[PDB]
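Just the one chain here, the form deposited in one PDB entry, laid out as structure tokens.
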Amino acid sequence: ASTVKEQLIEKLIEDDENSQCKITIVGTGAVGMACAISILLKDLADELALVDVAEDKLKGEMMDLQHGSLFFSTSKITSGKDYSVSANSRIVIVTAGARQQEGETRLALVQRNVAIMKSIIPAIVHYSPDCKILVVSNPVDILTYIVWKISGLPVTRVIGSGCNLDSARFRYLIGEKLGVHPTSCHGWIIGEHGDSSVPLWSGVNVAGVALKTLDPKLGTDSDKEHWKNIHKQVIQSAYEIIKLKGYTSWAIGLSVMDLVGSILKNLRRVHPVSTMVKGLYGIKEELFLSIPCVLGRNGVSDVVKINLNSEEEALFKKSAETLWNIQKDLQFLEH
């Protein structure tokens, strides 16, 4: 009855601070905050927690987000170097690490980001046992495997951002060619995210009309329309953005926001994300690559068995062998 808060507000219950739709982002770099602002403007999280080892930059990014509290609906934004703020997250998004491509890349950086996951995954899983881990850092297909091993979590709950973006890039350029919104051009990229992704031209379609129906040479070099160069631009428009601005952040953030929605809302949408493919498309080793997956509140609940044709399945398996030896290429350093 002396202070303003006491005079104006009668507390009836002690407020809960155990959110029930909570998101932690680990790594508040370009990709991390792109994820953050996108998750915030779509109101996909009750509480958003941020983790990083740059204690100063982490505190600054969090305050900047907080000062926008009036303009979105996430009611609690927190941060800290100790993973206790991670506690009881529905989804933990891992964005930490150096910037690099996949497949053909220097092991020093591949191993550096592997070291980062060894540091964080044990804690992340301790404080959020029932969470799904959504791996974004690159090489994404390899770190998702690494995380899954360290975490000891079910394979269904450890997911790589994979080719969700690749397919979005794919659908954007198809749309430009045809003059149609990407939401209406349908086309799938699978396998490795980045340099050696596999386009499945058999399925590229509009309104159910296979495009290779209209152009039997779609995706071959013989094609006089040069549709295959779309796939090469899918791959290299990424490289080009890095050249021109130095990194990629905006589209991946939207891609993560796409996946986070499907998981939390339990939509059971199909997305090309990285899951473990042993026992699928003739794969007999334990490795992670992108295939079409049904995504729900429990992570990957089902997967789609696209019947790959001989050319597609060959590249898929080649890429699978690539990652396999690189997964083997970290084990031999961790003697």
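Only the largest set of C-alpha atoms that superpose within 1.5 Å between the two forms is called the rigid core. Numbers follow the displayed sequence, beginning with 1.
Another form exists, deposited in another entry; not displayed. Remarks below refer to it.
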Only residue that shifts (Cα, 2 Å or more, rigid core superposed) between this form and the one not shown, among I241, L254, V155, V180 = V180
Is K76 among the residues whose Cα moves by 2 Å or more between this form and the one not shown after superposition of the rigid core?
-> no
Is the C-alpha displacement of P122 equal to or greater than 2 Å between this form and the one not shown once the rigid core has been superposed?
-> no
Against the rigid core, is the Cα displacement of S196 between this form and the one not shown at least 2 Å?
-> no
